[PDB]
């Protein structure tokens with residue numbers, strides 16, 4: 001059964017056996033259709049260790065429609081935990097804005113407020129401003145300016 005094979009792939013991935021789990025996933029991708037295994041990526045992202053999330057996405061992210069996932073805050077969270085910004089994190093942010101999940105964006109905002117780099121503060125600040133949260137958006141850009149982020153300082157000065 002497809003779902004059993006997927007659960008098999010899931011365990012490998014959660015355990016760091018990336019190649020093994022990906023091989024299984026690519027098998028399913030060949031035998032079935034998107035609108036059948038797409039849910040898998042959302043499911044994995046909910047619990048996969050941040051140490052592996054991006055390695056997995058780099059290999060198989062393209063086979064899924066991430067915009068269908070409602071838990072993309074999980075991707076941003078790994079960006080914050082890994083104190084790293086990347087294309088996966090940004091796309092997740094853009095999708096969160098487009099889904100109108102202001103609640104998730106605000107949670108991330110409070111959580112980072114402080115060890116994250118200026119870039120991350122800037123990414124979330126600008127996403128927040130896109131959902132109507134100027135107060136937190138500003139608070140973050142102010143912190144980024146404090147951390148030495150130039151453009152952030154210039155933006156704070158314009159408000």
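Just so you know, all these numbers are worked out from the coordinates, no wet-lab data involved. Every residue, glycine among them, receives a Cβ derived from its backbone with ideal geometry; neighbour counts consider all protein chains shown.
Tabulated values for the structure
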quantity	calculated
Qualifying residue in the range 10-31 (condition: more than 20 Å from the chain's Cα centre (by Cα), outside any helix (DSSP H, G or I) and surrounded by 14 or more Cβ atoms within 10 Å (Cβ to Cβ))	yes
Residue list for the range 107-150, filter: within 15 Å of residue 89 (Cβ to Cβ) and assigned to a loop (DSSP other than H, G, I, E, B)	116, 117
Yes/no for residue 116 being within 20 Å of the chain's Cα centre (by Cα), buried (at least 20 other Cβ atoms within 10 Å of the Cβ) and farther than 17 Å from residue 73 by Cβ	no
Test: residue in the range 45-54 that is farther than 30 Å from residue 109 by Cβ and either in a helix (DSSP H, G or I) or in contact with a strand residue (DSSP E or B) (Cβ under 7 Å, 6 or more places away or on another chain) (or both)	no
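Yes/no matrix, rows are residues, columns are (1) outside any helix (DSSP H, G or I); (2) on the phi < 0 side of the Ramachandran plot; (3) in contact with a helix residue (DSSP H, G or I) (Cβ under 6 Å, 6 or more places away or on another chain); (4) surrounded by 15 or more Cβ atoms within 10 Å (Cβ to Cβ):
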| position | (1), (2), (3), (4) |
| --- | --- |
| 7 | no, yes, no, no |
| 59 | no, yes, yes, yes |
| 74 | no, yes, yes, yes |
| 91 | no, yes, no, yes |
